[PDB]
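>>> here goes the first bit of my complex:
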Amino acid sequence: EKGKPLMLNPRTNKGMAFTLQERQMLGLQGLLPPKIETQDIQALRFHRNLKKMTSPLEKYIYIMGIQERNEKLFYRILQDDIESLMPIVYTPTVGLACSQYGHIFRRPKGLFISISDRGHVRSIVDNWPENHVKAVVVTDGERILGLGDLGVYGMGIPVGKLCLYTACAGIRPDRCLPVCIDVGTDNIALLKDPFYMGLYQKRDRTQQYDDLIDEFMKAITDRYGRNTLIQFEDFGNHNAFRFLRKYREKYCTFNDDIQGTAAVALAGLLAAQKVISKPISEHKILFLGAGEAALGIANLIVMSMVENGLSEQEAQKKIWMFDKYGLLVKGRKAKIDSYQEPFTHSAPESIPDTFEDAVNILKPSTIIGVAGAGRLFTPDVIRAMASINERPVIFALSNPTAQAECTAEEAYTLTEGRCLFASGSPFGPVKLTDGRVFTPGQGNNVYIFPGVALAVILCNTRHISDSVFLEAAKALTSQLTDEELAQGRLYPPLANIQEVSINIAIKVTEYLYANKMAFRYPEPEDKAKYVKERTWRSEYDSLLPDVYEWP
């Protein structure tokens, strides 16, 4: 393009970083302020402005405003201050922004697909400008993290997620497509006000919803290829869990809550087996809550035990689960699903109804809380957990902070610094009365899903297996240095996630090429250089055409 469109397009826009020659010979002279800046000056200006701001919503509005103007500047700002701005971009700020401000974006981002557009989804998909997209993030709006049902307003969530894809992994922004599929909303507040921009109907729970999802996946893979990575995001637990099982084999789909969270938990455990002398195989594990997330975590733990020489049937005997009714045992009154069968064992002597006595009798070395029904972990639970184990491992993986079973202060005060605590929700460092300030391990999916997504995209993988996340967990555990392990950190520092994500991608890429899951040939000689070439870089590219004089 030339002239004004070149400024309007966020991909090609440089702002006042257009050099004088580019302005003069591209038609931008007089349309821009006289100052000529670099990308550093532009980044410093926005960093100072963000530092002046005091609330996450103001920062979110500011950064999402600069995203629509200059994308390279936006990602430069993100990568410059990724640790601080990542909560502003993805969680929990974007959900709250969708709740309060509604629709913030001034430009068409992604595709809105209705239940009224059934039978014609391919026509909608054909409207997207970019011909090659590699990653698709789909939102229903039903279950926003901590905000509930937001209807069609939950479109900012995929945008915030794809921002993390580009900022951490390096996936090209134009290869990403955010999609919102709206079938109504259940909350009455949006159904009542006349200015809600979605359908004025309750959420469609009939077969039309399933058919719409089928048609959408078929259309998107028809236009963009069978290896397109499709991620179902903020669907209902029922919908997301069953959709992953349905589309797992036919399409390239992976779920962060089931699989990314399992990878993060396994990485935390593999780091704990380095902090503590005893390995992962020896120590018994107890799960609070039995569900698809708990089953995924336990399956991945069993895989990790198996690759270390333990028999699969023997490895499963170590993992214990605590359902809502009680300990998951043979002969239990409540029904046990087929998937929960491997981890259901012969009943112990006590057969305890309460989780506390289950901890007391089973003597679990590791405790993992995924139930997310509240503060299920109690001070009695934690002191008991300390009683059996010299260095107990406590995981509170359910988020938001309200749903988390344990708090960092509770874990580090009930146990006088002996425990290893890892939680999905962010917690401040705990300062004991004696001293020895402890920062609790905070493991979120952003460690896993960017690098895994990049590795899957680069290798043209069509089916993502469970062991891909095992390799991702091992890779993530690998970047921890011995000094950090001495400090007791379970996860790599979040300030340098990019170098983490790329490294993870490398390892995953190698695995994908080792087991014939990668369809991009010829095989790279070395995977590190291969992935490092492909990552998108936010540096501006000169638009000056080559000018010379003929000999």
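Thanks, I have the structure now. Residues are numbered from 1 along each chain as shown, chains lettered A, B, ... in the order given.

>>> just the strands in the stretch 151-300 of chain A please.
Using DSSP state E, counting those that start in this stretch, the strands of the stretch 151-300 of chain A run over A:176-182, A:229-233, A:252-253, A:285-288.

>>> the stretch 301-450 of chain A too?
Here the stretch 301-450 of chain A has its strands, by DSSP E, counting those that start in this stretch, at A:319-322, A:366-369, A:393-396, A:420-423, A:441-442.

>>> residue ranges of the helices in the stretch 251-400 of chain A, please?
Secondary structure of the stretch 251-400 of chain A (DSSP state H, counting those that start in this stretch): helices at A:261-275, A:292-307, A:312-316, A:355-362, A:379-388.

>>> what's the closest of the ones you listed to residue A:505?
helix A:261-275 (13.5 Å; Cβ to Cβ). Where C-beta positions appear, they are placed from N, C-alpha and C, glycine not excepted.

>>> how far off centre is that closest one?
Taking Cα atoms, centre = their mean, to the nearest Å, one finds helix A:261-275 lying 16 Å from the centre of the chain it belongs to.

>>> what about residue A:383, how many neighbours?
Neighbour count for residue A:383, taken as other Cβ atoms under 10 Å: 11.

>>> surely it is in contact with residue A:414?
Yes. Assessed by Cβ atoms under 8 Å, residue A:383 is found in contact with residue A:414 at 5.3 Å.

>>> still on that earlier bit, of the strands of the stretch 151-300 of chain A, which is nearest residue A:96?
With Cβ to Cβ as the criterion, residue A:96 lies closest to strand A:229-233 of the strands of the stretch 151-300 of chain A, at 16.7 Å.

>>> for the most centrally placed residue in chain A, what are its contacts?
The centroid of chain A falls nearest to residue A:445 when counting by Cα atoms, centre = their mean (3.9 Å). Residues in contact with residue A:445 (Cβ atoms under 8 Å, 6 or more residues apart in numbering) are A:256-257, A:260-261, A:264.

>>> and what of residue A:391?
Taking Cβ under 8 Å, 6+ apart, we find residue A:391 in contact with A:275-276, A:418-420.

>>> what is the end-to-end distance of stretch A:129-142?
Stretch A:129-142 has an end-to-end distance of 28 Å (Cα to Cα, to the nearest Å).

>>> buried ones in that stretch?
Residues of stretch A:129-142 classed as buried by neighbour count (16 or more other Cβ atoms under 10 Å): A:133-142.

>>> same structure, new chain, call it chain B:
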Amino acid sequence: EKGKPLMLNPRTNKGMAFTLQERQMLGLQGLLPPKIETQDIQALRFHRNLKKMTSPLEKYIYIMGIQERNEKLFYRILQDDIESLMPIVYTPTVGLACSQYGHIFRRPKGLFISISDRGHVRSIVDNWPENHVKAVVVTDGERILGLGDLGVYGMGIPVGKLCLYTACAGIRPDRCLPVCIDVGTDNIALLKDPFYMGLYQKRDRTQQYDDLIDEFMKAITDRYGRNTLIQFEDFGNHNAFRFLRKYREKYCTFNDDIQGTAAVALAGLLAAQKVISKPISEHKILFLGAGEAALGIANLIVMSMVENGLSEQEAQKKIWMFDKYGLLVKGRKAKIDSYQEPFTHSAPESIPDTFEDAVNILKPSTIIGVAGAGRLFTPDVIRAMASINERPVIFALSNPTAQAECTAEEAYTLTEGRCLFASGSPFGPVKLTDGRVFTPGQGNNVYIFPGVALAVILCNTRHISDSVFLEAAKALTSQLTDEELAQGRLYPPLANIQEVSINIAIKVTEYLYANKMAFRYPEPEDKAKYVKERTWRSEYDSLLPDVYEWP
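So that you can see how it sits with the rest, here is chain B on the chains above:
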């Protein structure tokens, strides 16, 4: 255009007012939320949101945000609530927004012309997309109303001014071009910070500034025609006053502060001569401050007296002026300019140094304050003014409110409701202890410059005369009904300015065709229908192409 560009262009964007057929056959299906709205729903949504907001800056950011997305919706919102949103758009909110937020706009508006771009201004002008523009507003940034020197940040002022052109007069938005000519800045705050987007030099006061203005006017009239209306806005008093004299004859230029303010003051006086039985000719007038603004007001008053039968030399004897040094009289110690000569008369007996004794001895029937050095009108001045005259006329035309000579409460309390008070600055209604709440006449240029601009544009006028504003003042006085005159209102209500402006245009148009100042031929048979057809209307236009089946 088709597809995504159709949404990105503010001129052609409809938002969710795109009908389903337009979305389907224009490529917008899936790029817009499923809801289909009308222009009324969109206007109500923004009106409610603006009503929720509590500060002028928030409202300004919101409305200028919707301007960049949908221009027809923006002007519909303005015309719906013109009285409330006009201070938000033009004064004093836009200057304060430029002061605090800097550059708000996310899209290229107008042209930035540097002193470093001398010799190549035509190349800059050629970069503007629209081939036909009728009105150009030029800002220097030197003298923002109440904020001082803002440098290149004073670009929002022409945008806010052109918004009033389109909202009140009905001039097409694409016919307007805002231009900022930046030659440096004098304030050290902008010269010190590294993120100022202008030139890092003090304001260029040399001959290069004059040559740049000459070159800019030549280039703009070369590209867009000699009848292009060019308005110098927020220049320094010296620069603006001398530029109007220099370019008045060669180009189509008019100045609101010199000529629009004079028209508003004369309209107020012509309305007072209806409120008070005695006419304009009889009553003596005293001016506080002698300058180009005061000279313009006095010249226009003399013209009004002359058209009513009074001799010009005899009419000039009635207007008196009070310079900074003292009463403007023969033999005065201080120099008297050539332009101030007609209103300089033989000295009275007292020859008073102070303004108070000048009022006491001259017995002025009307007092007009344009000096703007502060609260020059004192309680003693106002009680004296009441002493001579049963119904004194007091004008405090200098703005901002700080620079205004008098306050509405002072005028209406020192004079027990007898005075007629008109001021440029807005004042709340005055409630006396006895009762009889008085609203002070508030006459701003927005009465005059939209209608006069529309009339000049429609008739292809090349030279705007002084008597055009005399006709505008008479027209503005005409819309006042007898009920409003009984209420004591000097100006028409501001809530229905559009019907005022069009009416003014009509009258001005007639005058332009009466005196061979209009170059658009053939002459319209009736001017009212002629102007009413031409005004831009904010109603959306269907983009459905005509579809039929051949016989």
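
>>> back to the neighbour count of residue A:383, now that we've got chain B?
Using other Cβ atoms under 10 Å in any protein chain shown, residue A:383 has 11 neighbouring residues.

>>> could you pull up phi and psi at residue A:63?
Per-residue torsions, residue A:63: phi -70, psi -40 (degrees, to the nearest 10).

>>> correct me, but it touches residue A:75?
No. Between residue A:63 and residue A:75 there is no contact under Cβ under 8 Å: 10.5 Å.

>>> who does whichever strand or helix holds residue A:78 touch, helix- and strand-wise?
Here residue A:78, judged by DSSP states H and E, is contained in helix A:71-80. The contact analysis (3 or more Cβ pairs under 8 Å, 6 or more residues apart in numbering or on different chains; DSSP states H and E) places helix A:71-80 against helix A:39-52, helix A:56-69, helix A:82-89.

>>> for residue B:346, find the nearest of those.
Of all these, helix A:39-52 comes closest under Cβ to Cβ, at 63.1 Å.

>>> identify the residues contacting the closest one?
Applying Cβ atoms under 8 Å, 6 or more residues apart in numbering or on different chains, the external contacts of helix A:39-52 come out as A:15-17, A:59, A:62-63, A:66, A:70, A:72-73, A:76-77, A:80-81, A:85, A:538-540, B:194-195.

>>> go on, stretch A:27-37?
Under Cβ under 8 Å, 6+ apart, the answer for stretch A:27-37 is A:2-4, A:6-7, A:15-20, A:22-23, B:103, B:108, B:111-114, B:116-117, B:123-125, B:127-128, B:152, B:182, B:196-199.

>>> and residue A:546, helix, strand or coil?
Put simply, residue A:546 is coil when judged by DSSP: H, G, I helix; E, B strand; the rest coil.

>>> any figure for the gap between it and residue A:36?
Residue A:546 sits 22 Å away from residue A:36, going by Cβ to Cβ, to the nearest Å.

>>> more neighbours: which of those two?
In this view residue A:546 and residue A:36 are compared by other Cβ under 10 Å, and residue A:36 has more residues nearby, 15 against 4.

>>> how close does the more buried one get to residue B:454?
39 Å.

>>> check residue A:33 too.
Plainly put, residue A:33 is 31 Å away from residue B:454 if you go by Cβ to Cβ.

>>> looking at these two, which is more packed in?
Each of residue A:33 and residue B:454 has its neighbours counted (other Cβ under 10 Å); residue B:454 has more, 29 against 20.

>>> helix, strand, or coil at the more buried one?
Following three-state DSSP, residue B:454 is assigned to helix.

>>> chain C next, sequence below:
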Amino acid sequence: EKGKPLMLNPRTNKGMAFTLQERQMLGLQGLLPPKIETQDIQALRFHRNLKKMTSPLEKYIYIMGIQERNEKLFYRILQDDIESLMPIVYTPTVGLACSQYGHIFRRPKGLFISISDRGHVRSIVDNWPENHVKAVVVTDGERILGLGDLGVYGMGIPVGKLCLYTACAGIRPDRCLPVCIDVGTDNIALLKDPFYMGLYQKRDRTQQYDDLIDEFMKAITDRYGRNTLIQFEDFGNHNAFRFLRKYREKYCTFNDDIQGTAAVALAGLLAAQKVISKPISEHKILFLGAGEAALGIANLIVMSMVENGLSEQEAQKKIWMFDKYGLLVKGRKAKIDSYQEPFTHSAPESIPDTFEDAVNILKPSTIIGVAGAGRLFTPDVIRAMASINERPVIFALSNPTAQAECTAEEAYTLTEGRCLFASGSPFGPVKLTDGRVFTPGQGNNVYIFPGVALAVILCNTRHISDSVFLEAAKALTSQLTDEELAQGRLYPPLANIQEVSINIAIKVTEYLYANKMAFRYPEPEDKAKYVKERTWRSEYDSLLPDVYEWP
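Chain C goes in next, on the same frame as the chains above:
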């Protein structure tokens, strides 16, 4: 535009005349052959290629091919060799090309409007890209000069005509719009073959045809303005003659056959009155054939006599007409139209049935043949014409050459060089046996309609009067030098028509401003400079944007 579109657009295409810098910085590097040429080299190449060609059809195909590739080069080639290439472009070559080759053009030229598109003509007109067009040429296809009914294939005729507008007058190519209105065809050859691209119906002679013409004119003047010049070209004689009368007052329409031919004939007579001592007023004129063309010529001759002091009723007594039945006299058996009444006089003594005895008895000084029924002028007619008059004036204005009444050889051999012969059809020089080679005056409309069209366009004239063509005829007679008059030439040389046309425009422009028929104000001080600035010039314009370095 930039890159490949810049080459594809004929308006902006330069071919290999793009300089190396333009190619490099406009994206054309590698898309063009390495050679860099000028406007002269390109013109010389095409001139040599045309000189190699031997038939008019090959030349027509070649030049109309270069028109679609480079318009500036095409018009440079035309203006370089206008006399030779004008018959190739307009007449009689383009009609024969439409007859044989059908549709030659590879690009959309003009608009095709059907009788099946009635009720929606404005939708068709809105499809034309150019927003400002000044001249519109409309063809029906019914009466092609010498080829008969060609149906929709007669679309090349307006294109060839507008080529003459641009080449001779200098009207901008993008201001011209060729329109073909097809209502069927009468010839069975086109109705029979399955590949005819028009309607498969006989020509619509019902009221729908008239309504379609009305709707088309209304739509075209609605989109492009009331002063748009619309020219009905190659309509049937009935249709064209009645349409000129119907739309003459309401729209800006003029007809070459009625009015241009009359202007050319009057110019020839005014040149003859310089070649022969006696003036136009003295000499009696006899017309062969009485019709709208003959009535137009006679009316214009009467106007010329009147402006020279002769009374209108007395001037009309000199012009005589010979209808099909016989001499046009009082009491004639055949009906006489209202328009033919002024030139119908009291019967002479003979009242001759044959044209020959009419010449013998009336003793006409001038004879004009417009009937076009064949070789109506006979050797007996010409020898009789020589018998009465020492230097007879013979005009054979009907074309093609087959329809012409007289031949140059017949006129110059039956009269031993004494006669002055002017004909519409082209004739070679006549070489008598004694010697004194005589070239016959060849007066075609191309003398008149380009200059008159340019003058009408420049002055924004809304109604073209009859006396405009009187001024055009006088102007055309004026360029003849005394040397050419001594040579006996009735018309200026055709090799320098451009300097003729511009001159004609000048004079016409002056007349339009003298009689308040011109609506473009302010009035130019001198009309010559005014028109000379406005003429389109075929010189290439550099596309290099201005590049400089800031001080």
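
>>> back to the contacts of stretch A:27-37, now that we've got chain C?
Contact partners of stretch A:27-37, identified using Cβ under 8 Å, 6+ apart, comprise A:2-4, A:6-7, A:15-20, A:22-23, B:103, B:108, B:111-114, B:116-117, B:123-125, B:127-128, B:152, B:182, B:196-199, C:545.

>>> buried only: go through these for me.
Buried members of these, scored by 16 or more other Cβ atoms under 10 Å in any protein chain shown, are A:2-4, A:6-7, A:15-20, A:22-23, B:108, B:111-114, B:116-117, B:123-125, B:127-128, B:152, B:182, B:196-199, C:545.

>>> what about those, which are in helices?
Residues of the buried ones among the contacts of stretch A:27-37 located in helices (DSSP state H): A:4, A:6-7, A:20, A:22-23, B:123-125.

>>> out of the residues you listed, who's near chain C?
A:20, B:123 (Cβ under 8 Å from any Cβ of the partner chain).

>>> now distance to residue A:551 too, for the ones in helices among the buried ones among the contacts of stretch A:27-37, in CSV please.
Putting those into CSV (distance: Cβ to Cβ, whole Å) gives the following:
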residue, distance to residue A:551
A:4, 37
A:6, 32
A:7, 37
A:20, 29
A:22, 27
A:23, 30
B:123, 31
B:124, 36
B:125, 38
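
>>> name the nearest of the ones in helices among the buried ones among the contacts of stretch A:27-37 relative to chain C.
Chain C lies nearest to residue B:123 out of those, by Cβ to the nearest Cβ, at 4.0 Å.

>>> excluding sequence neighbours, find me the nearest residue to the closest one.
Among residues not flanking residue B:123 along the chain, residue C:546 sits closest, at 4.0 Å (Cβ to Cβ, 6 or more residues apart in numbering or on different chains).

>>> number of residues surrounding the closest residue to residue A:342 other than its chain neighbours?
Spatial nearest neighbour of residue A:342, excluding adjacent residues (Cβ to Cβ, 6+ apart): residue A:316 at 5.0 Å. By other Cβ under 10 Å, the residues close to residue A:316 number 20.

>>> how close does residue A:316 sit to chain B?
Separation of residue A:316 from chain B (Cβ to the nearest Cβ, to the nearest Å): 47 Å.

>>> my read is that that residue contacts residue A:344, right?
No. Judged on Cβ under 8 Å, residue A:316 makes no contact with residue A:344 at a distance of 9.5 Å.

>>> can you pull the contacts of residue A:68?
When contacts are counted by Cβ under 8 Å, 6+ apart, residue A:68 touches A:10, A:105-107, B:106.

>>> likewise for residue A:142?
A:149, A:186, A:203, A:234-236, A:239.

>>> quick check: phi and psi at it.
Note on residue A:142: backbone dihedrals following degrees, to the nearest 10 are phi -70, psi -40.
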